[PDB]
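Taken one at a time, structure 1 and structure 2 that follow are two forms of one protein chain, written as structure tokens.
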Structure 1
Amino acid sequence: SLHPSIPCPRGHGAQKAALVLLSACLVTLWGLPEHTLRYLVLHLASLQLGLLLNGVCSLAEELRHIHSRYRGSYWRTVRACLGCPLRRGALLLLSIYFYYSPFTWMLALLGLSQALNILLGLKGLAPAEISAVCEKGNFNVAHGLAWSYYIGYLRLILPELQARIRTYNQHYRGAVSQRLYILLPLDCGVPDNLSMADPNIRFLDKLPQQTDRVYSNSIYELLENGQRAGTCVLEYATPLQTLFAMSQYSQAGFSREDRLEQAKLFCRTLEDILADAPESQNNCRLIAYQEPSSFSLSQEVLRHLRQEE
């Protein structure tokens, strides 16, 4: 409705043309009794056991990710596989009602059939269905936030940064490390400053220019037992402020479980980009955390600081 090449969203034409081929194929059965209907649900059973066997093998992948992806909860993992046990398991019981009115040997034939369907890669997802699951969930916001952060901000501020650090040391007493530490709070909730987030980190300063775009940089000196054992540059992650603010934007249904699944994905993608980047080979260093026994993040920065040298 904006440009003729702009694709409109998907409609219900998949369901619409489904009943047409249903009504076409149903009247062919009128071309020939009642003997078919016991065979119909038995074949309809075999589609469900194939889907049920496709769930349990994918469950073997999921137990690798019980702690991270599913917070140690065994019930969510079974709920994550198999789609919907209600609409699947109901027709499975209805089949055995019709099945009575060498079964394991008959059951074993469909067993290995679905195995090679997975092994040969025959369970293919079409690029129509691959696309239609991607534009369905409007909050797929994780790779765009990672890729635009590297392109728009990190590609620009990192190669200049080493010169802005050394001129502060030529200006002086306090030796600041030559890396950029980006904090990634998973409980996203980003405040404006950092003195209130931890009173162990209570500096403020402005990193000077080179001597266009003006990226103000503040150096926060850790005050381990009231003493600045470490001085460093700390910035938050501006994409995490967006992920927070979409959840507060209640006109879009973005919940705190949907936010936490992307913020973990945002750190994995941003760790990938800084692996093979020309500029961040030794400059960037992400410090992710999620504090509930809420410990001090000033310690874990100092662990990342003393591991530098």
Structure 2
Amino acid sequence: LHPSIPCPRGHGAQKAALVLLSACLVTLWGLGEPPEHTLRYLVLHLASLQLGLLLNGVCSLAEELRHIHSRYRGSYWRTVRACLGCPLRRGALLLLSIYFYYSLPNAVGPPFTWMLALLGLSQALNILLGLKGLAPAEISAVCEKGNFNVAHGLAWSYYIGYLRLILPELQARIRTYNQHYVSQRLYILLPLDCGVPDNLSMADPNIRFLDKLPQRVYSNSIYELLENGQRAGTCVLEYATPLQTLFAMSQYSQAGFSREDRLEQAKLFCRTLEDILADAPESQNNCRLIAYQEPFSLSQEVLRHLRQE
């Protein structure tokens, strides 16, 4: 393609680690220290590192528990899974550590508690002082692991392509429509299931096409909402086009894009678009975002936002 295009990161770090392991093993052999001390240091280092990761995961879970409904379907198992790996394993070594602590001969106890408290203090400093800060090489590695982090791209493409050019003149469009023939402000429907029908009527019988809007093609339709048959106001309704890409992404079947990733990114896209639109020059009192999940009547969902005006 181009020599300036980065190739995907390989395993040079693993090769460097192999070389470093060989060099350190050779040096340790040369120094002539007993292998027992090497094994002891490795066991201690691994145990200390995993206890530090346990403390870091507990600290994160103290914050990740706040998104229990939003992120982990309200079940604690996945929240603990996503914060400190396998909870069954972690519990197994937790009980092993409790046994070790309660089985010391009391001539080693307070020293061991002192060491444990020092490790906890070091981990707390690491979290508070930010010494566990990812280098941007590692950040880039995470953000390039797979081609699924589409939420930011979809949100920004949507904004620039459509909303940056629709909203500025939309108010004038609605004004001329009202003068010639209410319907205030654009409404973007955000189904987290990302099910976008061709037209809105089959999605909800209380939403029926009324008319188009004057003035590329920029085909925006005016929809009227019926509450118990009575038309309880009308509004310009519109599905989020980029949510069609996520739906088609999962049906692609060669991307490996699952339904769970479909919902995770629709949720991320839902938040990102609001953040972009919060400070956008041409979105103040000019559009509304309606996010809903199928378990519910769409008409009432849209109607609730018209009352606030």
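Heads up, when I say rigid core I mean the largest set of C-alphas that superpose within 1.5 Å between the two forms. Structure 1 provides the reference sequence; residues are numbered from 1 along it.
Novice: Taking the rigid core as reference, which of 132, 80, 196, 94 is displaced at the C-alpha by at least 2 Å between structure 1 and structure 2?
Specialist: That would be 94.
Novice: For residue 245, state whether the C-alpha moves by 2 Å or more between structure 1 and structure 2 after rigid core superposition.
Specialist: False for residue 245: its C-alpha shift is below 2 Å.
Novice: Please say whether, between structure 1 and structure 2, the C-alpha of residue 56 moves by 2 Å or more once the core is aligned.
Specialist: Comparing the forms between structure 1 and structure 2, which are aligned on their rigid core, residue 56 does not shift its C-alpha by 2 Å or more.
Novice: Taking the rigid core as reference, does the Cα of residue 66 move 2 Å or more between structure 1 and structure 2?
Specialist: No, residue 66 moves less than 2 Å.
Novice: Give me the C-alpha shift of residue 231 between structure 1 and structure 2, core superposed, in Å.
Specialist: Comparing between structure 1 and structure 2 after core fitting, residue 231 shifts 1.1 Å at its C-alpha.
Novice: I need the CA movement of residue 40 between structure 1 and structure 2 once the rigid core is aligned, reported in Å.
Specialist: Residue 40 is displaced by 2.3 Å at its C-alpha.
Novice: Align on the rigid core first, then pass along the CA displacement of residue 266 between structure 1 and structure 2 in angstrom.
Specialist: Its C-alpha shift, to one decimal, is 0.6 Å.
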